[PDB]
Structures are given as C-alpha cells and as structure tokens.
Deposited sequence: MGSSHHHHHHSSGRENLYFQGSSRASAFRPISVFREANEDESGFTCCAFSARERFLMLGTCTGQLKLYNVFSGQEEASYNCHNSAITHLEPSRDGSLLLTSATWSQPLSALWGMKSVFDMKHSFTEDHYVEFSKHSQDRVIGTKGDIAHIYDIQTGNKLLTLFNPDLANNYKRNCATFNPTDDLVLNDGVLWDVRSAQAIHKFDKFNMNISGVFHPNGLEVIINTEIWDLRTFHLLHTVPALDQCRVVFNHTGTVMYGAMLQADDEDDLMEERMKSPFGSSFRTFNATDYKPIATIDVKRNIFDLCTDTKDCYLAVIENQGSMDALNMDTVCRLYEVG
C-alpha cells in the first residue's frame, strides 16, 4: 500500500460549494455513502459519480458514518443537534430506527453487530439495536483519562471495550486496566488482529500490557485498516483557537503502515485538506474527501486504487 492511482472523482451534485464531509463504502457494490456538511446522507455510484439518494438525517454537519456489514443499518453522528447520533434502517426504504440523543460518536459492535457503543464525553453507552435499551454504562471517575477526542470502541470478539484509555471486561462490566495518559486527545483503538492496543503513538500488548512499539508518526492520527487489517492508514488531526470557519478535521496528507510491524510504507500528500478517508470491503480502494477551498469549503471525493 504505497501506490495510489486516481480512479474517479466527484463533487456534491447541484451544489456550487460541495459539502461532502465523510464517506463509507456501503454494503452495496459500486456505492459510497457520504454525509454532508448540512445534515444530509447521500448515496453515490463511486465510479460514475452519480447521486442516487438523499436523506436529511441531522440538522448539522455529519461527522461520522458506519454502514452495517449486512447492508440493513447505518449509524450517523453529527456535531450539534438532537439527536447527536442516530441509527437508520436501510432495507429498500430509509427510516430511523433508534436515536442516541447525547452520544457524539457511535459505532457498531464488531463480532455480531448486536450492539451499538456510543460515547458521551468520558462515558460509554452500549445499546441494543432491536430494542434500543442501554445495556451498559461504562465510566469510572477514579480511572478517567479525559481524552479530548475519546471514542469508546469494541474489540474484535466484543469481549472487551476500550473507553478513555481504560480496558473493560464487558461480562463483569469491571475495568481491568488503565493505560497511562500520554497525550491529550487520542483514546486508542483495538488492533484488528485482537492481540494489541494502539493508543496514539503507543502500541500496547493486550495480554501482558507491555509496550511493543513506539510509532511517533501515529501521533494524533485517526487510524483505519484495510479490511484484512494488513495495512494501516494514519491521518493526523489539526487542532482550539478562535471562532469557526468550517475547519477540516485532518491536514493534507496521510500515511500507510504495515499493520504487523508498524514499519512505514508510504506518505501520501494530496496537497489538500482531508475530511475523511475510508477503505472498501475488498481491499482495492481507498476513498478520501479532499477540500478544494472557497470563500467556506468545497470538497470532492477522490477514489484511489491501492498499490
């Protein structure tokens, strides 16, 4: 994953200032879901570039998507507004199923997608998709690390949760390790292989809690894997000053890492500010949202083929 061939681009249709703000390959083949800077969820043919559907989902910019593996459900988070996070049905007709009115970030469980885990500040809320019941509430003030950009996440087998840098056993809802706070914002993800935990630049061992790796270039990055968790992608965030002018979450470049030994592969600078990036289900494509600038945002989805 060092070569990246442009395959197609498209901008938001009918909009002088294109407002795509996040993307995710849908379970359907040739199609990408993009949330937009104005609450909307669009459906696009990643190759033709044609817009296929449009759904007003929130009344503020969409920050995060996650389509379900089976094609039937979608999660969305927003920036401000009620609900902060919503779960949508998608089988032949787009309707809301649930809504998590205070979670500013939501994500499906990993093993069987039988639970949504949502984040509110330093708190994690697991819900149940059929009913919407809050099964758990994971937080511990004696252990909280107050990560500015915390996102509670499930592990591959749903056995564990990580939230504010604390490791939780879901069966007993008992925190089983705090990882020392070494940065102000990044809370960590579980490695897809399930053997290690990546918290900002620290790669910890999940079984011994040993430091296995220092990776300075993952400082402040969000991280995304290829489907097979053999390539790692890191885009670095940017920054709190001043009022607002619709500031892109990431800078202008991203990096690829061997997912196994964290040795670097390539640095990819697209000379444009990145809002989001995602990888497909078949390991062929990386799709990136890239601001072109205006008098204040004008983004285009670029679909790259990985090499």
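Next item on the list: Write out the missing regions of the deposited sequence in sequence order, one range per stretch.
Entry: Missing from the model are residues 1-24, 264-267, 324-326.
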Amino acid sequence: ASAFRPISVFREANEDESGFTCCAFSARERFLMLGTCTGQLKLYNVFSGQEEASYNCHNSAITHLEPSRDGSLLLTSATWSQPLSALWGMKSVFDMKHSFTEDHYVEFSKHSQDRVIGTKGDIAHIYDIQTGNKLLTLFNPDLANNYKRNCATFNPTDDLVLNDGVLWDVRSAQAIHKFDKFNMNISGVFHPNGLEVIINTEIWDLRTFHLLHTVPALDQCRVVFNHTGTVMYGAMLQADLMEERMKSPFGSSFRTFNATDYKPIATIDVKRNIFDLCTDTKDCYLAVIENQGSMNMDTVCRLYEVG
From here on, numbers count along this sequence of modelled residues.
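Check: Taking the other compared PDB entries with both flanking residues modelled, is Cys278 unmodelled in at least a third?
Finding: Modelled in all the others, so no.
Next item on the list: Indicate yes or no: is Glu17 absent from the model in at least a third of the other PDB entries of this protein that were compared?
Entry: Yes, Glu17 lacks coordinates in at least a third of the other entries compared.
Item checked: 101-109 set against 209-217, stretch whose average Cα temperature factor tops the other in the entry -> Result of the comparison: 101-109.
Next item on the list: Going by the average Cα B-factor in the PDB entry, point out whether 57-65 or 271-279 comes out higher.
Entry: For C-alpha atoms only, the mean B-factor is higher in 57-65.
Next item on the list: Determine which member of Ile129, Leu195, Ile198, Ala235 has the highest CA B-factor, using the values in the deposited entry.
Entry: Within the set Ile129, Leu195, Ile198, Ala235, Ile129 shows the top C-alpha B-factor.
Notebook entry, point to check: At the C-alpha atoms, which of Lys148, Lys178, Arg222, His227 reaches the highest B-factor in this entry?
Noted result: Among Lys148, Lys178, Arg222, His227, the highest C-alpha B-factor in the entry belongs to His227.
Margin query: Please place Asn140 in the lowest, middle or highest third of its chain according to the CA B-factor in the PDB entry.
Written below: CA B-factor rank for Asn140: highest third.
Notebook entry, point to check: Hey, what third does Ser26 fall into on Cα B-factor, ranked over its chain?
Noted result: Highest third.
Margin query: Ranking every modelled residue in this chain by its Cα temperature factor as given in the entry, which third contains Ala259?
Written below: Lowest third - that is where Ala259 ends up once the chain's C-alpha B-factors are sorted.
Note to self: Which third, lowest, middle or highest, does the C-alpha temperature factor of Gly89 belong to within its own chain?
What the structure shows: Its C-alpha B-factor, which the entry lists for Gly89, ranks in the highest third among residues of this chain.
Next item on the list: Report the third (lowest, middle or highest) to which the CA temperature factor of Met246 belongs, ranking only the modelled residues of the same chain.
Entry: CA B-factor rank for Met246: highest third.
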